[PDB]
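**Q** coordinates only, no sequence provided:
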Ligand SMILES: COc1cccc2[nH]c(C(=O)N[C@@H](CC(C)C)C(=O)N[C@@H](C[C@@H]3CCNC3=O)C(=O)COP(=O)(O)O)cc12
Ligand SMILES: COc1cccc2[nH]c(C(=O)N[C@@H](CC(C)C)C(=O)N[C@@H](C[C@@H]3CCNC3=O)C(=O)COP(=O)(O)O)cc12
């Protein structure tokens, strides 16, 4: 069991660089539209509190340099959707995959393709925290890098990178430019809310352990969803949703362990601790594997 | 600071499916040659003690089914290099990157493109352990998946997957077909030698933790290289060479913590444990980041 990203080639073929003045960021070239963070239009001093609608009115199509590698793509239109700039270019990307734009929920994981000046640098898997932060790895010049999932050659884009909080975590938008969480694209220290443990992913990990024959923590009690949720919040664990119960279904069926029985097993772990014992080799409960992640690495 | 693999697009364009009989696995298509593990020619019976050269001479070009996506490539030749079968096809792969075949040293890292039926499934980073296994994530059908590094648009292939040991770790060959370690491509339960921890990599990772504003493990003390290595070897850590010390230079210069200062930190963490704390989110001392790995990301 390890953190595994999706193959990045279908997204690599869509990465370009977008420059305004001296500001260069990454953009996403799908069909004949390039998506990138709107603050590329900002000067260093417009950034503390920018008037983006005002800033954009001064810009023209020919103020935008879009480059696939060193090849220029002529910009023939521009609009602002929330915090993302949409640049219509004169060439449909021949490497455009089947795609959708999706807004993910806390807990869901995705692969990040870290890029600089339109050139891929690395790929790794992140989880969206309950406080709408990701624990990423980004340097200057990374903005506009995207996060994604691939389901049957269809690339679901879910994240575009904008910001590093003072705590070192990262924040950004979906591909419609709506931030995850309560952050804004300004040059300003913002703090995320207190983070919690992703309960649905911890349960998936317990299912993963059972599948591999590590099952001492199973007990003979059960619980209601509401009773579990109330206890979970006293341990800094996220409450479960009906959708969380549903995506645990496959693992529940595969192991024969009811979701609410596994919750009662987790509940006992929270009230009593590990007592010097390990699960899948570890003394800590892992919370960045989704049920889908567990199914993927077991099937 | 997280484990990050190279982007895999240049390799994805090389993965094909290879079928001989009722065995299917992955192959790597570069120019007009397809590389895959040789046991794709074996039947259930042969697997116990296969005389491979004997079994190969009895195969024809038309016994090999190579599929690239949905298109089928026609084998026009075949040979064996150690545990790797080389299948010549009549079509050159347009997506062939600039590439080299390299054999990595233990402690060095690479990216693994896990593939099933010639279709890429996931990418992650591994390190060649000192006992020549890797701690990967591979299921049935993953044989022929490859490991690689990328330096200035040149892909260096170093690993082709063959086996999962009873202990759950993994083993394979370089692209010349030579196994890493004492393993053999027969269907037997094989054990590796005792593993040790990659010391130079643990130090790099401690330097990585400092760079990211975590310092709770440092201390005022210092140690000599030999006195460090005595303690390190007692804990089944690999010895630290003067080359390792130099390789860590950049990280030492950036953080202003001398190497042998960090060694004293590691020596204390080994003698005192981690006392319930975590470093970069880990309860355990992590050894799968090389110095260059840290630098490239930091
Ligand atoms: C407001 O005072 C602060 C105080 C304390 C902490 C703070 N953090 C930020 C911030 O994050 N600012 C955004 C730009 C704003 C307009 C949203 C930014 O810097 N994003 C980077 C990615 C970053 C760079 C390093 N690691 C990353 O993740 C880009 O890539 C685009 O900027 P570049 O032109 O490429 O450098 C401001 C700030
Ligand atoms: C009694 O014998 C044993 C006892 C105890 C442990 C054992 N382990 C193996 C082994 O690993 N055997 C190789 C083939 C031999 C001939 C080298 C194999 O099974 N390789 C997999 C990838 C593997 C499969 C699961 N996870 C992976 O990483 C392929 O991909 C090709 O096989 P498939 O055609 O896909 O089934 C044999 C064995």
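**A** Okay, I see it. Residues are numbered from 1 along each chain as shown, chains lettered A, B, ... in the order given. Ligands and ions are numbered 1, 2, ... in the order given.
**Q** neighbours of residue A:166, how many?
**A** 9 (other CB atoms under 10 Å in any protein chain shown). (Each C-beta comes from the backbone N, C-alpha and C, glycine too.)
**Q** for residue B:1, see how far away it is.
**A** According to CB to CB, to the nearest Å, residue A:166 and residue B:1 sit 17 Å apart.
**Q** not counting its neighbours along the chain, what's nearest residue A:79?
**A** residue A:86 (5.0 Å; CB to CB, 6 or more residues apart in numbering or on different chains).
**Q** thought that neighbour was touching residue A:38?
**A** No - in this structure, residue A:86 is not within contact of residue A:38 by CB atoms under 8 Å, at 9.3 Å.
**Q** shared neighbours, those two?
**A** Common neighbours of residue A:86 and residue A:38 are listed as residue A:80 (criterion: CB atoms under 8 Å, 6 or more residues apart in numbering or on different chains).
**Q** give me the more crowded residue out of the two.
**A** A count of neighbours by other CB under 10 Å puts residue A:38 above the other of residue A:86 and residue A:38, at 24 against 18.
**Q** now do the same for the residue of chain A most remote from its centre: helix, strand or coil?
**A** Most distant residue from the mean C-alpha position of chain A: residue A:220, 36.3 Å away (CA atoms, centre = their mean). What DSSP: H, G, I helix; E, B strand; the rest coil gives for residue A:220 is coil.
**Q** next one: phi and psi at it?
**A** phi -100, psi 10 (degrees, to the nearest 10).
**Q** so who does it touch?
**A** Per CB under 8 Å, 6+ apart, neighbours of residue A:220: none.
**Q** residues from the stretch 151-299 of chain A in reach of chain B?
**A** Within the stretch 151-299 of chain A, the positions near chain B by CB under 8 Å from any CB of the partner chain are A:168, A:282, A:283, A:284, A:296, A:297, A:298, A:299.
**Q** can you rerun that using 6 Å?
**A** For the stretch 151-299 of chain A, the residues found near chain B under the criterion CB under 6 Å from any CB of the partner chain are A:284, A:297.
**Q** all strands for the stretch 151-299 of chain A, in order.
**A** A:154-164, A:170-173 (DSSP state E, counting those that start in this stretch).
**Q** reformat those as JSON lines; add mean neighbour count.
**A** Converted to JSON lines, the strands of the stretch 151-299 of chain A look like this (neighbours: other CB atoms under 10 Å in any protein chain shown):
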{"stretch": "strand A:154-164", "mean neighbour count": "22"}
{"stretch": "strand A:170-173", "mean neighbour count": "26"}
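**Q** how about those strands, which one is nearest ligand 1?
**A** Closest approach to ligand 1 among the strands of the stretch 151-299 of chain A is made by strand A:154-164 (3.5 Å; CB to the nearest ligand atom).
**Q** name the helices or strands packed onto the closest one?
**A** strand A:99-101, strand A:146-151, strand A:170-173 (3 or more CB pairs under 6 Å, 6 or more residues apart in numbering or on different chains; DSSP states H and E).
**Q** now tabulate those strands in JSON lines and tack on distance to ligand 2.
**A** Shown next, in JSON lines, are the helices and strands packed on strand A:154-164 (distance: least, CB to the nearest ligand atom, whole Å):
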{"stretch": "strand A:99-101", "distance to ligand 2": "31"}
{"stretch": "strand A:146-151", "distance to ligand 2": "22"}
{"stretch": "strand A:170-173", "distance to ligand 2": "34"}
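**Q** what about the residue in the stretch 101-250 of chain A positioned nearest to ligand 1, which helix or strand?
**A** Per CB to the nearest ligand atom, residue A:143 is where the stretch 101-250 of chain A lies closest to ligand 1, at 2.9 Å. For residue A:143, there is no enclosing helix or strand under DSSP states H and E.
**Q** tell me who's in contact with the residue in chain A positioned nearest to chain B.
**A** Proximity to chain B, evaluated over chain A using CB to the nearest CB, is greatest for residue A:9 at 3.0 Å. Residue A:9 makes contacts with B:9, B:12, as judged by CB atoms under 6 Å, 6 or more residues apart in numbering or on different chains.
**Q** try it again with 7 Å
**A** Residue A:9 is in contact with B:8, B:9, B:12, B:13, counting by CB atoms under 7 Å, 6 or more residues apart in numbering or on different chains.
**Q** what of residue A:157?
**A** Contacts of residue A:157 by CB under 7 Å, 6+ apart are A:99, A:101, A:146, A:148, A:175.
**Q** now, of the residues you listed, which are buried?
**A** A:99, A:146, A:148, A:175 (16 or more other CB atoms under 10 Å in any protein chain shown).
**Q** tell me which element residue A:96 is part of?
**A** Using DSSP H and E, residue A:96 is not contained in any helix or strand.
**Q** got phi/psi on it?
**A** Residue A:96 adopts backbone torsions of phi -60, psi 120, taken as degrees, to the nearest 10.
**Q** residues near the nearest residue to residue A:19 once chain neighbours are set aside, how many?
**A** Nearest residue to residue A:19 in three dimensions, chain neighbours excluded: residue A:65, at 4.1 Å (CB to CB, 6+ apart). Residue A:65 is flanked by 15 other residues according to other CB under 10 Å.
**Q** does residue A:65 really touch residue A:21, like I thought?
**A** No - using CB atoms under 7 Å, residue A:65 is not in contact with residue A:21; the gap is 9.3 Å.
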